[PDB]
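# Descriptive analysis of the structure
So you can see what is in the structure, the chains are spelled out below.
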Amino acid sequence: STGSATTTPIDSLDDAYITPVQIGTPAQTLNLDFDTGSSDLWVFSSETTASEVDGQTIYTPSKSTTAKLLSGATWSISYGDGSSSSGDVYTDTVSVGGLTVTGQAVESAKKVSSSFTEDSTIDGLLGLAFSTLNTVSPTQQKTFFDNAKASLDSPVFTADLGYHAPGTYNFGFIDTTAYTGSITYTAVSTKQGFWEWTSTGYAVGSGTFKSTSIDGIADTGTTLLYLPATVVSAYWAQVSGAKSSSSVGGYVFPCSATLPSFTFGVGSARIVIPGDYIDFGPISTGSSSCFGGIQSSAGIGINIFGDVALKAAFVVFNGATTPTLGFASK
């Protein structure tokens, strides 16, 4: 089997991407944030505290003839940005772009943090990291991908995120029309439960490439590119007037600037992030200070190849017995 679904930016900045997901019988379609940095499929639901729901579409398990309470199971998750959610668990039929999994754990939120409430466009998350990170207790549950894997034509999914435009998540096949040149594959460590890999270096604008190993995670659920402070300083030093602002929470730059590109290495290959991808706009409405899309990972404890990086590439998440990651230009 295969699946193919369009993923759409939630706003004009590509702060996140939502993908329609069919849950239950008859189908209830929710727009979920596909997140290769976590491993829970959780939704706003009829069980979510009413004051914490503000415009989201909810899953109502009592209206699904295929829903079953997973008795005794609970979940609770906290994300790198300080947001969180928790609740109980149902199993139900879940379909993405024509690919159907029966018996998928659908984690129903009883509580969500304010960041989730305030984002009316995201109805929940669909985790695509390794199932070892799934938070369901006392019986850990598998991700949608893990459940689908054996049925897929090939045990892969691909992320093709758009810049200020829709893109695609495919399951079970590689669309050879969706990228240019060849795909370069690189080793993955699953030891921390992430799609963790090592970039071979970087360049700023038309500058020379610096060969240096940068361990980090491919994370579709993180907006920005978080890299070591040395790398980030070298980038922003090429933008007149750019500075790190402790009050704003990262590098800012004059909105009048033209940003240089940023290149990262994948083996001997190179992925170029255009300068425009690195512009996240005014820090507040009407400001002439703009927020940068490359930020320091210092104090995160890990480097994160988030959407800023991934949307410059066609990315293969290869879930074969020994997982790997592939990157192509597009």
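Residues numbered from 1 in each chain as written, not as in the entry; some residues may be left out. Heavy atoms only, no water. Residues with missing side-chain atoms left out of burial classes, pairs and counts.

Determination of this PDB entry was carried out by X-ray crystallography to a resolution of 1.2590 Å, according to the record.

Looking at the PDB entry, one finds the chain named endothiapepsin, with Cryphonectria parasitica as its source organism. In the PDB, the title recorded for this entry is "Automated refinement of diffraction data obtained from an endothiapepsin crystal treated with fragment 123".

Let us look at the sheet that holds strand β16 (residues 250-254). The sheet built from four strands is open, its strands ordered β15-β16-β20-β19 with antiparallel pairing. Both outer strands of the open sheet, β15 (243-245) and β19 (279-282), are each paired with one neighbouring strand and no more. When the angles between neighbouring strand axes are averaged without regard to direction, this sheet yields 40°. (Pairing = 2+ DSSP bridges. Helix = DSSP H or I, 4+ residues; strand = E, 2+ residues; numbered from the N terminus. Axes fitted to C-alpha atoms, helices over the stretch in contact; angles between N-to-C directions.)

Further remarks concern the sheet that holds strand β12 (residues 196-204). If you trace the seven strands from one edge of the open sheet to the other, you get β18-β17-β12-β13-β22-β14-β21, paired in mixed fashion. Single-partner strands in this sheet number two, and they are β18 (269-273) and β21 (294-296). Strand after strand, the sheet turns through a mean of 45° between neighbouring axes, direction not considered. Here helix α3 (residues 229-236) sits on the sheet and contacts β12, β13 (210-218), β14 (225-227), β17 (262-266) and β21; the angle it forms with β21, its principal contact strand, is near 140°. (Contact = heavy atoms within 4.5 Å.)

For the chain, the assigned domains are domain 1 (5-174) and domain 2 (175-330). Between the C-alpha centres of domain 1 and domain 2 there is a distance of 25 Å. Residue-level contacts link 30 residues of domain 1 with 33 residues of domain 2. Of all the secondary-structure elements, those providing two or more residues to the side of domain 1 that touches domain 2 are β3 (28-35), β9 (156-160) and β10 (167-171). By residue number, the principal contributor to the side of domain 1 that touches domain 2 is β9, which donates five residues. Classifying every residue of the side of domain 1 that touches domain 2 by side-chain character gives 18 nonpolar, six polar and six charged. (Domains from an automatic or database assignment. Nonpolar A, V, L, I, M, F, W, Y, C, P; charged D, E, K, R; others polar.)

This part takes up the pattern of salt bridges. Summed over the entire model, instances satisfying the criterion amount to two salt bridges. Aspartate 160 is paired through a salt bridge with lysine 330; the nearest N and O atoms lie 2.8 Å apart. Remark: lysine 330 occurs in the segment after β24 (324-328) and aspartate 160 occurs in strand β9; sequence separation between them is 170 residues. A relative accessible area of 16% means that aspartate 160 is categorised as buried. Owing to a relative accessible area of 39%, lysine 330 belongs among the partly exposed residues under this scheme. (Salt bridge = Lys/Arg side-chain N within 4 Å of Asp/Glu carboxyl O. Buried < 20%, exposed > 50% of the residue type's maximum accessible area, 1.4 Å probe, protein only.)

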